[PDB]
Structure formats: C-alpha cells, structure tokens
There are 6 protein chains.
Amino acid sequence: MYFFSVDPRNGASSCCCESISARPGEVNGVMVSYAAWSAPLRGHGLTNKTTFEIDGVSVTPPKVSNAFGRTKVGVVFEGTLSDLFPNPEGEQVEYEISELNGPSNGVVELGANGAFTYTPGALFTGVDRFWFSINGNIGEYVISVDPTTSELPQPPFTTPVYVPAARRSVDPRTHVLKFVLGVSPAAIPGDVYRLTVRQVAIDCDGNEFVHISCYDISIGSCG
Amino acid sequence: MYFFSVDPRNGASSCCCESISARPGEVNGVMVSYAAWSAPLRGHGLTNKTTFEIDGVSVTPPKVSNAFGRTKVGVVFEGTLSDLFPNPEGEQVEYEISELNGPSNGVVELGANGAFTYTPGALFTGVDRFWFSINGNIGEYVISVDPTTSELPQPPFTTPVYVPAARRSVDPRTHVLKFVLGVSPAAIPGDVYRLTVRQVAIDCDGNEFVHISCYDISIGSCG
Amino acid sequence: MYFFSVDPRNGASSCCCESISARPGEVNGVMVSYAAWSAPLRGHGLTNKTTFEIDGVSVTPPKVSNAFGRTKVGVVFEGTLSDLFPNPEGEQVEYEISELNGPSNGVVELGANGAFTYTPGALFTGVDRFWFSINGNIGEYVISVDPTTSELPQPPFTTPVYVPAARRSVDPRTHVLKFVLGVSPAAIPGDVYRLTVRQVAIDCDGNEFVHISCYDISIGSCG
Amino acid sequence: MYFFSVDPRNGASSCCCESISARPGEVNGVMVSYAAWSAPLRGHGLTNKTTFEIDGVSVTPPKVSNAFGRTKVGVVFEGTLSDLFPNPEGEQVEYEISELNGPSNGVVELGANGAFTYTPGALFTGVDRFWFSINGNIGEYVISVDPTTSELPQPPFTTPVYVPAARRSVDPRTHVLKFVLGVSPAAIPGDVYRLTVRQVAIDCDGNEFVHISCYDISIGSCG
Amino acid sequence: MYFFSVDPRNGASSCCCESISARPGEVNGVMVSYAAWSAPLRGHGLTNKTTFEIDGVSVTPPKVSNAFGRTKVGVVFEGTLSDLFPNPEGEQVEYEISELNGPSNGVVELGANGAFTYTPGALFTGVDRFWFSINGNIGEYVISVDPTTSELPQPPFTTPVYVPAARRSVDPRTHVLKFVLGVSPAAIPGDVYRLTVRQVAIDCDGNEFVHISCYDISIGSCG
Amino acid sequence: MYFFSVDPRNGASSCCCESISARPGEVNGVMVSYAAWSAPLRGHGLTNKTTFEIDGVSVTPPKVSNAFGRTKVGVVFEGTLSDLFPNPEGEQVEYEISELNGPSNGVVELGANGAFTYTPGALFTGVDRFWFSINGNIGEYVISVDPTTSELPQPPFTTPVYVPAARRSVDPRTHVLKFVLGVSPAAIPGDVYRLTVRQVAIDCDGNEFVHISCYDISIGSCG
C-alpha cells in the first residue's frame with residue numbers, strides 16, 4: 001500500500017509529480033493524506049467528488065491486437081488466435097494461455113495452431129476474459145455469453161493502467177483518500193503513465209476548495 | 001441518544017453549529033438541555049413553540065428517481081422499475097429490493113427485469129412504501145391503496161433527513177427539549193445537512209424569549 | 001454464546017461490522033445488549049420487530065450440486081449420486097455419507113458406485129435430508145416422503161449461513177436480543193458473510209426508534 | 001481418565017484437535033465438560049444425542065489377516081493359523097497366543113505348526129475371540145458357537161480404535177459427557193486416529209444447539 | 001492555506017508586495033492577521049468593508065478565444081470548436097475536453113473534427129461551463145440553458161485569477177481576514193498578477209482607519 | 001521449511017525472484033508471510049484463491065523415457081525395461097530399481113535383462129509407480145490395476161517439480177500462506193525452475209487486491 005502526503009500550499013515545504021512503481025497484473029492500494037492542506041481550512045473536511053485522469057507519457061504501442069467474441073448461454077464457443085498478431089518479420093507463433101490470467105467462468109483448450117475452445121460454465125451469462133501471449137506479446141480476448149434471449153452489449157477493453165470505477169473513498173474525520181490502482185497484464189515494462197487527482201475540500205457553509213496533484217506510474221517488471 | 005447543552009448567552013463559555021452523526025435508515029433521539037439559558041430567566045420555563053428547519057450544505061444529487069403509483073383496495077398492482085434509472089453511461093441494472101426496507105402492508109415479488117408485483121394486504125387501505133436499489137443507488141416507490149370509492153391523495157416523498165411532524169416535547173420542569181431525528185435509507189454517505197432550532201422560553205407574564213442554534217448532521221455510513 | 005454490546009449513538013465510544021467466527025455444522029447462540037442505546041430513550045424498551053439479512057462478501061462457489069427427490073410413505077427410494085459432481089478435470093469420485101450428518105428418519109446404504117437406498121422410517125411422512133461428500137466437496141440431498149395421498153411441496157435447500165425462522169426474542173426488561181446462528185455443513189472454510197440486524201425500540205406512546213448494525217461471519221474450519 | 005474442557009465459542013480463549021494417548025489393549029474413560037459452552041445458553045442442558053466418528057490419519061496396514069470360524073455347541077473346533085500370514089519375504093512363523101488376550105469361554109492348545117484346537121466351554125453358545133501373534137504381527141480369530149439348532153450370524157471384526165456402542169452418558173446437571181475409548185490389541189504403535197464428537201444442547205423450548213470438536217488419538221506403545 | 005501577517009505601521013519592522021504561488025485550477029484559502037496593526041488602535045476591530053483589485057503585471061495573451069452559447073431547457077445543443085483558434089502558422093488541431101474540467105450539469109461528446117454535443121441534464125436550467133484545450137491552449141465555453149420561457153442573460157467569462165464575490169469574512173475578536181483565491185484552468189504558467197487589499201478598522205466611535213497592502217500572485221505550474 | 005517475507009509494495013525495501021534449493025526425491029514445505037503487504041490494507045486478509053505456475057529456465061532433457069502399463073486386479077503384470085533407453089552411443093545397460101523409490105502396493109523382481117514382474121498386492125485396485133535407473137538416468141514406470149470390470153484411465157506422469165493439487169492454505173488471522181513443494185526423483189541436478197504465485201487479498205466489501213511474486217527452484221544434488 002502506497003501512502004502519500006500532499007503538499008500543503010503554504011509557500012513552503014526530480015520531476016513534478018511523485019512516483020508509483022507498478023507490476024503487470026497487480027492490483028494495489030493507494031492512500032493520500034490531505035491533512036496538511038485541508039486541516040487549516042477548518043470546515044467539513046473532504047468530500048466524495050474526486051476526479052482521476054490517466055495519460056501516457058511513454059506507451060510502446062502493443063504488437064498483438066485484442067479481440068471480442070460472442071456466444072449464447074451454454075453453447076460452446078470457438079475462435080482463432082492468429083489474425084491477432086500482424087507480424088512485420090518472419091517468425092513462428094508460440095500461442096500461449098497463461099494459467100495466472102486464464103478465464104473466470106469457463107475453460108479454454110488451446111489447440112495446436114492458434115485455435116481454442118471456450119466452453120462457458122454451465123448456468124452462467126455474463127462477460128469473461130482471458131489473456132493470451134502470442135510470442136511474448138500479451139493481449140486479451142473478451143467473450144460475452146448471452147442469456148439466450150437477445151444479445152449482450154460490448155465491454156470497453158480494459159486499459160493498461162486503470163483506477164476502478166467505484167472503490168474510492170474519503171474519511172472526512174482524518175482527511176485521507178483511498179483508491180485502488182490496477183495494472184493490466186498487458187502493460188509493457190518500462191512505460192510511464194500519469195495520474196492526475198482533483199480533490200475538493202469544503203468550507204463550513206458548503207463552498208469548495210480544489211486541490212490538484214499528479215503521480216507518475218512507471219510500469220516495471222519484477223516489482 | 002444525543003444530549004446537547006445549549007450555550008447560555010452570558011458573554012462567556014471548529015464550526016459554529018455542533019455535530020450529529022447519522023446512519024442511513026436509523027431513527028435516533030436528541031435531547032437539548034436549555035437549563036443554562038432559561039433557568040436564570042426565572043419564569044415559566046420552555047413552551048411548545050419550537051420550530052425546525054433542514055437545509056443541505058452538501059447533497060450529492062440522487063441518481064435514481066422516485067416514483068408514485070396508485071391502486072384500489074384488494075386489487076393487485078403492477079409497475080416497472082427501469083424508467084427510474086436514467087443512466088449516463090453503459091451498464092447493467094441489478095434491480096434489488098432490500099428486505100430491511102421492504103413494504104409494510106403488502107408483498108413485492110421482484111421480477112427478472114425491473115418488474116414487480118405489489119399485492120396489497122387484504123382488508124387494508126392506506127399508503128405503503130418500499131425502497132429499491134437499482135445498482136447500488138437507492139430510491140423509494142410510494143403506493144397508495146384506495147378504499148374502493150374515490151381516489152387517495154399523494155404523500156410528499158420523504159426527504160433524506162427529517163424531523164417527525166409531532167414527536168417533540170419540552171418538560172418546563174427541567175428545561176429539556178426532546179425531538180426525534182430520522183434518516184431516510186436513501187441518504188448518501190458523506191453529505192452534510194444543517195438543522196436550525198428556534199426555541200421560545202416565556203416570562204412570568206407570558207412574554208417571549210427566543211433562542212436559536214444549529215446542528216450539523218453529517219450522513220455517515222457504518223455508524 | 002457470543003455477546004455483543006451495541007454502540008450507543010452518542011457521538012462517542014479494523015472493519016465497520018464486528019466479527020463472528022463459525023464452524024461448519026455448528027448451531028450457536030448470539031446475544032446483543034441494546035441497553036446502552038435504548039435505556040436513555042426512556043420508554044417501553046425493545047419490540048419483536050427485528051429484521052435480519054444475510055449477504056456474502058466471499059462465497060467460493062460450490063463444486064457439487066444439491067438434489068431433490070420424492071417418495072411416498074413406506075416405499076423405498078433410490079437415487080444416484082454421480083450427476084451431482086460435474087468435474088472439470090480427470091479424477092475419481094470417493095462418494096461418502098458422513099455419519100455426523102446422516103439422515104434423521106431413515107437409513108442410507110451407500111453403494112459401490114454413486115448409488116444409495118433411502119428406506120424411510122416406517123410410519124413417517126415429512127422431509128428428510130442428508131449431506132454427502134463427493135471427493136471432499138459437500139452438498140445435500142433432500143427427500144420428501146408423502147402421506148400416500150397427493151404429493152408434498154418442495155423445501156428451499158438450506159443456505160450456508162442462516163438465522164432460524166423463529167427462535168429470536170427480546171426481553172424489554174433488560175434490553176437484550178437473542179437469536180440463533182446456524183452454519184450448514186456445506187459452508188466452505190475461509191468464506192465471509194455479512195449479517196445486518198435492524199432493531200426497533202419504542203417510545204412510551206408507541207412510536208419507533210430504529211437501530212442498524214452488522215456482523216461479519218467468517219466461516220472458519222476447526223473452531 | 002482423560003478430562004477435557006471444550007472451547008466456549010465466545011470469540012476468545014499445535015494442531016486443531018487435542019490429543020489422546022492410547023496403548024494397545026487398554027480401555028480407558030474420557031470426560032468432556034461442556035459447561036463453558038452450554039451454561040450461558042440457559043436451557044435444559046445437554047441431551048443424549050451425541051454422535052461419534054473415527055477416521056484414520058495414519059494406519060500402517062496390517063500384515064496378518066483376521067479370520068472367522070463357526071461351530072455348534074459342545075463340539076470341538078479346529079482351524080489353521082498359517083493362511084492368515086501372506087508373507088512377502090522368506091522367514092519362519094513363530095505362532096503365538098498371548099495369555100493376556102486369550103479366549104473368554106473356551107481354551108486353545110496351540111500346536112507345533114499353525115494349528116490350534118478351541119474346545120468351547122460346556123453349556124455355552126455365543127461368540128468368542130482370541131488374539132494371535134504370527135511373528136510379532138497381531139490379528140484376531142473370531143469363533144461363533146451355535147445353540148445346535150440353526151446357525152449364528154457373523155460379528156463385525158473389532159476395529160483398532162472404537163467407542164463402545166452404548167456406554168455414553170451426559171449429566172445435564174453439570175454439563176459433562178462421559179464415554180469410553182477402547183483400543184484393540186492389534187493397533188500398531190505410532191498410528192494416529194481422529195475422533196469427532198457432535199453434541200447437542202437444547203433450549204428451554206426444546207430446539208437445538210450443535211457443537212463439534214475432534215480429538216487425535218495417537219496409538220503409542222508403553223503408555 | 002496561506003497565512004500573512006501585516007506590517008504594523010510603527011516606523012519599524014525583494015519586491016514591495018509579498019508573494020503567493022498558484023496552480024491553474026486550484027481554489028485555495030488566504031488568511032491575513034491584522035492584529036499587529038489594529039490591536040493598538042483599541043476600538044471595535046475590523047469591519048466587513050474590504051475591497052480587492054486584481055491587475056496583471058505579466059499576462060501572455062491567450063491563443064484560443066472563449067465562446068458563449070445558448071439553449072432552452074431539455075433541448076440538445078450543438079456547437080463548433082474550430083473558429084475559436086485563429087492560428088498564425090500551419091498545424092493541426094487536437095481538440096480535447098479534459099475530464100477534470102468537464103461540464104457540471106450536462107455531458108459533451110467531442111466529435112472527430114471540432115464538434116461537440118452538450119446534452120443538458122434533464123430538469124435543469126442555469127449556466128454551465130467546460131474547458132476545452134485546442135492544441136495545448138485552454139479556453140472555456142459557456143452555455144446557458146433557459147427555462148423554456150424567455151431567454152437567460154450572459155455571464156461574465158471568468159478571469160484567470162479571481163476573488164470570489166462573497167466568501168470573505170473578518171473576526172473582529174482576533175483581527176483576522178479570510179478570503180478565497182481561485183485560479184482559472186486557463187491561467188498560463190509564468191504570469192504574475194497583483195492583488196491589492198484595502199481593509200478598514202474602526203474606532204470606538206465608529207470612525208475609520210484604512211490599511212492597504214498588495215500580494216503578487218505568480219501563476220506556477222506544478223505547485 | 002522455507003520461510004519467505006513478501007515485499008510490501010511501498011516504493012521502498014542478484015536476480016528478481018528469490019531462491020529455493022531442492023533435492024531430488026524430497027517433499028518440503030514453504031511458508032510465505034504476506035503480513036507486510038496485506039496488513040495495511042485493513043480488510044478481511046487473504047483468501048484461498050492462490051494460483052501457481054511452474055516453468056523451466058534450464059531443463060536438460062531426460063535420457064530415458066517413461067512408460068505406462070495396465071493390468072487387472074490380482075493378475076501378475078510383466079513388462080520390459082529396454083525400449084525406454086534409446087542410446088546414442090555404444091554401452092551396456094545396468095538396469096536398477098532403487099529401494100528408496102520402489103513400488104507402493106506391489107513388488108518388482110528385476111530380471112537379468114531389462115525384465116521385471118510387478119505382482120500387485122492382493123485385494124488392491126488403483127495406480128502404482130516405481131522409479132527405475134537405466135545406467136544412472138532415472139525415469140518412472142506407471143502401472144494401473146483395474147477392479148476387474150472395465151479399464152482404468154491414465155494418470156499424468158508426475159513432473160520434475162510440482163506443487164501438490166490441494167495441500168495449500170492461508171490463515172487470514174496472521175497473513176501466512178502455506179504450500180508444499182515436491183521434487184520428483186527424476187529431476188536432474190543443476191536445473192532451475194521458476195514458480196510464480198498469484199495471491200489475492202480482499203477488502204472489507206469483498207473486492208480484490210492481487211499480488212504476484214516468483215521463486216527460483218534450483219535442483220541441487222546433496223542438499
């Protein structure tokens with residue numbers, strides 16, 4: 001768990017935005033202590049109006065494309081895993097499904113040549129993912145299983161670094177913001193992303209005090 | 001039970017208005033001891049002319065709308081639960097009826113898709129509520145069952161924080177005001193409301209001494 | 001017997017909801033002392049309008065399915081015990097009927113291969129259960145014996161953690177709530193469930209004071 | 001006599017199951033004091049619905065097989081003692097009948113080579129056992145003497161560790177369970193068995209409170 | 001929170017006006033302690049007749065113009081985002097709507113080419129802003145939604161540095177002035193503005209003592 | 001028993017993955033203490049959703065092939081031990097059956113020339129292995145004895161380094177993961193394997209915190 005203390009905007013105490021190291025596949029937790037800034041502003045503390053933004057400062061575009069499939073409940077799904085690796089050069093394709101990042105409500109039998117069968121778990125209808133690795137390069141395959149009636153919609157293909165939709169909170173009693181920071185298994189080591197956090201305090205009549213800071217998430221491998 | 005002692009207006013002993021923590025769904029009790037202020041004013045003590053006012057200092061507008069239905073006595077009532085959640089984004093709707101806040105004189109069978117049947121209890125005609133939770137966000141559905149003749153009127157859709165119409169009292173013998181403070185199940189944690197209390201003492205000829213104070217009700221979750 | 005004291009809602013004295021350890025198969029007893037909250041509210045104490053709700057915070061879906069059978073009075077019942085274990089992988093099936101959780105008004109002779117004979121006790125018509133263990137994983141088989149005339153209805157397949165329908169009580173004389181907490185033999189160790197209790201006090205004119213708390217039931221093995 | 005106090009399920013005070021040392025041939029007595037658990041549950045104390053189960057955690061399969069014979073009343077019985085020791089290797093067979101574990105209503109004259117004559121006691125018809133030791137390894141021979149009319153049935157070949165069918169009792173006046181624990185003379189030193197006890201208390205209306213614990217019986221030699 | 005102590009005008013203890021660092025988008029709080037000047041003037045302390053003035057000492061004129069639109073309640077509003085960037089040179093226009101400074105009661109879907117749709121939030125009539133960034137340079141777009149009857153007036157296009165209309169106060173009990181200092185998201189880093197504060201004390205007959213000071217607000221980026 | 005403490009992901013304190021020495025034939029135990037990482041994440045501790053993966057970083061392909069045979073219950077089984085050693089060069093074949101790794105429910109009489117007789121233990125039907133050593137190089141022979149009816153399936157030929165299917169556990173009370181690490185007798189000294197462990201903590205609402213680490217298992221001989 002990371003713990004940061006914010007700069008208190010007094011006119012007093014290498015880059016601008018502080019650093020967060022991350023490993024592909026992890027889901028860590030970050031705590032930010034606004035006490036130094038929001039305590040002198042004697043009021044009602046923090047509020048749940050935080051806003052986050054992720055932007056890449058170094059990306060290294062991915063090699064293998066992601067893909068989306070669709071199936072009804074109970075019916076076995078097939079698909080290919082070879083049109084997802086447009087290769088520039090000449091080489092062979094060691095298709096691989098890592099057991100750490102396999103599916104969640106199904107099973108996949110990787111074939112001999114870029115083929116795989118996803119038998120969805122019986123009595124289940126939702127969305128399911130798994131992360132393949134075509135020759136070292138990792139991507140994800142997203143399958144949505146329908147409840148036999150119409151058709152399911154299409155989920156947004158998880159990004160390398162993300163901040164879960166609603167797992168954030170603030171205790172106005174001690175001025176501490178908690179949020180989760182998850183790294184996809186397809187994040188390439190060496191990249192750098194930037195997270196900007198806009199947090200509002202509140203004065204005792206309910207007006208607003210805004211505070212902005214950033215963090216530099218550097219995707220490392222091996223910790 | 002909260003117990004507050006009022007400031008005695010002598011010229012002597014972070015915000016202005018003191019604090020009251022509240023949890024969604026509770027109904028607590030508050031006691032205020034005017035002894036320090038109204039005892040030196042040797043007279044006939046307090047009177048039952050208290051006035052309350054609720055105002056929000058932080059609200060976080062609700063996501064799901066509330067709704068009103070109507071039915072005659074004995075006839076089963078249907079309705080929908082999907083036009084009450086205008087969603088900005090793309091997501092699914094896990095309609096839920098909490099058993100803690102179910103109906104009071106009926107039964108509701110939540111369907112598969114935002115549908116529900118409220119069979120009113122036999123030999124009963126009044127108003128009945130229940131609190132649904134469309135994907136975490138809570139609202140209320142109000143149904144009024146008519147005694148088969150004309151039509152019932154329309155109740156005012158309980159607010160997040162309220163002070164029951166008539167459950168207040170004052171013992172002029174010890175200068176203590178009692179009132180109840182109820183929090184709706186739809187109050188969003190982190191909000192802050194402000195309650196202003198205007199209490200009149202009385203002098204021994206029947207003239208008036210007014211006293212005003214506030215309390216800051218901060219809707220917390222988990223106590 | 002667990003004994004909890006409730007927080008008195010004064011504005012004064014790791015998770016939110018306190019903890020209850022449980023062992024699969026037990027049936028324990030819990031006592032909650034509302035004295036700290038309901039005594040200052042000088043009135044008629046607690047009432048028998050408690051409401052409970054169980055929700056899982058970690059479930060670990062079961063491997064072996066449960067099953068339901070039916071038989072008339074006196075006639076011996078057969079059934080299979082092999083279509084209740086859809087296995088992903090390749091392995092053998094050591095069908096087992098634990099003597100601690102055998103039937104109650106019958107006898108079962110487990111066969112060599114997933115077969116069993118439930119001879120219902122003579123002159124008896126009701127419902128009867130027993131808990132099998134197909135290769136470590138436990139489920140229940142429910143049989144209903146009919147009184148030879150029509151057909152019996154179908155009971156609801158006991159859940160991992162439950163609170164018996166009517167074994168709850170409150171002594172308004174000392175503000176203490178008693179209830180029973182039972183754990184099915186199929187509860188998987190390591191899971192966590194959450195119990196929410198909504199208890200109403202009453203004021204001396206019969207109005208209501210609601211109080212809500214939770215408890216985190218963590219299914220442990222070996223105590 | 002062993003005396004155990006049970007853990008009271010309060011959320012308070014190397015393996016899970018406590019230990020019982022046992023010596024081959026003994027028959028000891030065990031007392032369990034449920035006072036710490038069943039006294040707060042003010043009710044009608046314990047009931048005589050205890051259930052036991054024995055399972056091996058280490059067995060060391062026996063070398064010499066057991067055997068069953070049959071004879072009518074008064075007629076002398078012969079048998080062999082050499083087809084009961086399938087030996088892997090080459091060695092000689094020192095057949096021995098220990099005087100501590102001889103027969104009970106007969107006499108046996110061990111021959112020179114694995115032969116023996118069991119002359120049943122005159123005017124007696126029942127079942128009779130004796131424990132031989134073919135080269136250190138112990139087994140039992142069971143003979144049933146018939147009352148000259150038909151044929152006697154076949155008894156179940158006593159296990160290494162057992163809990164006698166009906167010698168158990170509970171005093172609801174002090175919450176103490178008594179049971180007997182017997183070890184066969186053929187139990188191999190160093191083994192470990194596990195005994196699980198399921199004891200029910202009862203509430204004052206007759207409902208049930210279940211309690212489960214285990215004990216690890218470690219077959220030692222020499223105490 | 002900034003805290004300044006004023007010079008006491010005794011004839012005793014690089015630029016003239018002290019310094020305040022500011023970051024684009026923030027809203028901070030400033031406290032000025034007139035105790036050193038207004039305490040010797042034994043009287044009735046400070047009064048709420050403070051006057052502020054903002055003047056730029058370095059501005060760096062903006063590149064992209066701001067804009068104003070108008071719409072009635074409920075009707076979706078369109079507009080362009082390309083006539084707001086008169087470019088001197090040849091380059092492309094990466095239109096961007098930052099999520100930190102998006103709208104407040106609507107939603108905007110930025111198109112492919114400088115187009116955007118602002119669907120106002122249902123049941124809402126007021127003014128709404130959002131800050132776009134045409135190729136690094138930031139400006140604001142102001143939309144006013146009318147309550148279907150006539151037409152709304154036109155708000156004054158928030159300046160880079162401002163002092164909120166009425167959030168200022170003075171405690172005559174300790175001679176401390178509080179005011180808020182907000183920085184627009186379009187303030188260009190490196191600029192310098194000057195704030196002049198004219199504060200009046202009061203003598204015990206109600207006459208006046210004026211005091212003037214300045215502060216140099218230097219718009220920095222990254223704190 | 002190995003004991004590792006995990007790195008706590010704070011941004012603070014030759015290869016990446018730590019080291020585990022192993023000896024062919026052993027079965028050791030490993031303990032990992034997640035306290036440093038999962039304790040600050042005040043929640044419900046670890047869960048039983050660990051995932052392991054073994055991959056070789058140096059293998060040294062085996063010389064002698066493994067083999068599979070089949071027999072019914074009670075019938076003696078023959079087989080050869082010479083087509084399992086395709087030799088490149090010219091040399092003789094000192095067939096050997098180590099007594100440390102002999103069979104478990106049978107006996108094998110190694111012949112003069114690569115022949116052997118496996119007489120299965122009477123009254124036994126399962127799978128049985130033994131490890132031969134054709135001229136220093138070790139492999140395994142797997143025999144499955146059928147219960148005379150149909151045919152048994154075919155077990156998966158144990159790998160050099162493995163992690164037993166279900167002998168893993170986690171005590172959420174002290175944040176410690178236990179698992180077993182077994183090394184086959186055919187592991188070649190000097191090889192290196194890599195074990196990756198993916199462990200999930202859980203927050204107090206039941207969401208997830210993932211943690212990944214590796215260990216480098218270096219097959220040594222003589223400790």
# chains A, B, ... in the order shown; residues from 1 in each chain; ligands from 1
call {"tool": "interface_residues", "arguments": {"of": "chain C", "to": "chain D", "cutoff": "12 Å", "atoms": "only C-alpha atoms", "output": "ChimeraX atom specification"}}
result
/C:1-4,18-31,97-102,104,164,166-168,178-185,217-218,220-223
call {"tool": "select_by_dssp", "arguments": {"residues": "segment 9-174 of chain E", "states": "strand (DSSP E)", "output": "number ranges by chain"}}
result
E: 18-22, 27-33, 51-58, 67-72, 77-80, 106-110, 115-120, 127-134, 137-146, 161-162, 169-171
call {"tool": "atom_distance", "arguments": {"atom1": "atom CA of residue 155 of chain F", "atom2": "atom CA of residue 110 of chain F"}}
result
23.7 Å
call {"tool": "atom_distance", "arguments": {"atom1": "atom CA of residue 87 of chain E", "atom2": "atom CA of residue 116 of chain E"}}
result
20.3 Å
call {"tool": "closest_atom_pairs", "arguments": {"of": "segment 38-74 of chain A", "to": "segment 132-151 of chain A", "cutoff": "12 Å", "atoms": "only C-alpha atoms", "output": "JSON lines"}}
result
{"residue": "A:60", "atom": "CA", "partner": "A:137", "partner_atom": "CA", "distance": 11.8}
{"residue": "A:61", "atom": "CA", "partner": "A:137", "partner_atom": "CA", "distance": 11.0}
{"residue": "A:62", "atom": "CA", "partner": "A:137", "partner_atom": "CA", "distance": 7.7}
{"residue": "A:63", "atom": "CA", "partner": "A:137", "partner_atom": "CA", "distance": 6.4}
{"residue": "A:64", "atom": "CA", "partner": "A:139", "partner_atom": "CA", "distance": 6.0}
{"residue": "A:65", "atom": "CA", "partner": "A:139", "partner_atom": "CA", "distance": 6.3}
{"residue": "A:66", "atom": "CA", "partner": "A:140", "partner_atom": "CA", "distance": 5.2}
{"residue": "A:67", "atom": "CA", "partner": "A:141", "partner_atom": "CA", "distance": 5.0}
{"residue": "A:68", "atom": "CA", "partner": "A:142", "partner_atom": "CA", "distance": 4.9}
{"residue": "A:69", "atom": "CA", "partner": "A:143", "partner_atom": "CA", "distance": 4.7}
{"residue": "A:70", "atom": "CA", "partner": "A:144", "partner_atom": "CA", "distance": 5.1}
{"residue": "A:71", "atom": "CA", "partner": "A:145", "partner_atom": "CA", "distance": 4.9}
{"residue": "A:72", "atom": "CA", "partner": "A:146", "partner_atom": "CA", "distance": 4.4}
{"residue": "A:73", "atom": "CA", "partner": "A:147", "partner_atom": "CA", "distance": 5.3}
{"residue": "A:74", "atom": "CA", "partner": "A:145", "partner_atom": "CA", "distance": 8.3}
call {"tool": "write_last_selection", "arguments": {"atoms": "C-alpha atoms", "output": "CSV table (one decimal), in the first residue's frame"}}
result
chain,number,residue,atom,x,y,z
A,60,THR,CA,5.3,1.5,-26.6
A,61,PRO,CA,2.3,0.5,-28.8
A,62,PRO,CA,1.2,-3.1,-28.5
A,63,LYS,CA,2.1,-5.8,-31.0
A,64,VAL,CA,-0.8,-8.2,-30.8
A,65,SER,CA,-4.4,-6.9,-31.2
A,66,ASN,CA,-7.2,-7.6,-28.8
A,67,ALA,CA,-10.4,-9.3,-29.9
A,68,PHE,CA,-14.1,-9.7,-29.0
A,69,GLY,CA,-16.4,-12.7,-29.4
A,70,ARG,CA,-19.9,-13.5,-28.5
A,71,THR,CA,-21.9,-16.6,-27.6
A,72,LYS,CA,-25.2,-17.6,-26.1
A,73,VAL,CA,-25.6,-19.4,-22.8
A,74,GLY,CA,-24.4,-23.0,-22.7
call {"tool": "decode", "arguments": {"residues": "segment 78-96 of chain F", "atoms": "C-alpha atoms", "output": "JSON list (two decimals), in the first residue's frame"}}
result
[["chain", "number", "residue", "atom", "x", "y", "z"],
["F", 78, "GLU", "CA", 5.09, -58.25, -16.96],
["F", 79, "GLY", "CA", 6.90, -55.62, -18.96],
["F", 80, "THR", "CA", 10.22, -54.67, -20.47],
["F", 81, "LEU", "CA", 12.74, -52.05, -19.45],
["F", 82, "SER", "CA", 14.94, -51.83, -22.55],
["F", 83, "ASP", "CA", 12.92, -49.89, -25.15],
["F", 84, "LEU", "CA", 12.87, -46.99, -22.68],
["F", 85, "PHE", "CA", 16.55, -46.09, -23.18],
["F", 86, "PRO", "CA", 17.25, -45.06, -26.77],
["F", 87, "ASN", "CA", 21.01, -44.76, -26.56],
["F", 88, "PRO", "CA", 23.05, -42.63, -28.99],
["F", 89, "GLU", "CA", 26.35, -44.39, -28.35],
["F", 90, "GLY", "CA", 27.58, -47.90, -27.55],
["F", 91, "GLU", "CA", 27.36, -49.01, -23.92],
["F", 92, "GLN", "CA", 25.73, -51.52, -21.58],
["F", 93, "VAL", "CA", 22.55, -51.09, -19.58],
["F", 94, "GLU", "CA", 22.76, -51.59, -15.81],
["F", 95, "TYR", "CA", 19.02, -51.73, -15.09],
["F", 96, "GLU", "CA", 18.34, -50.83, -11.46]]
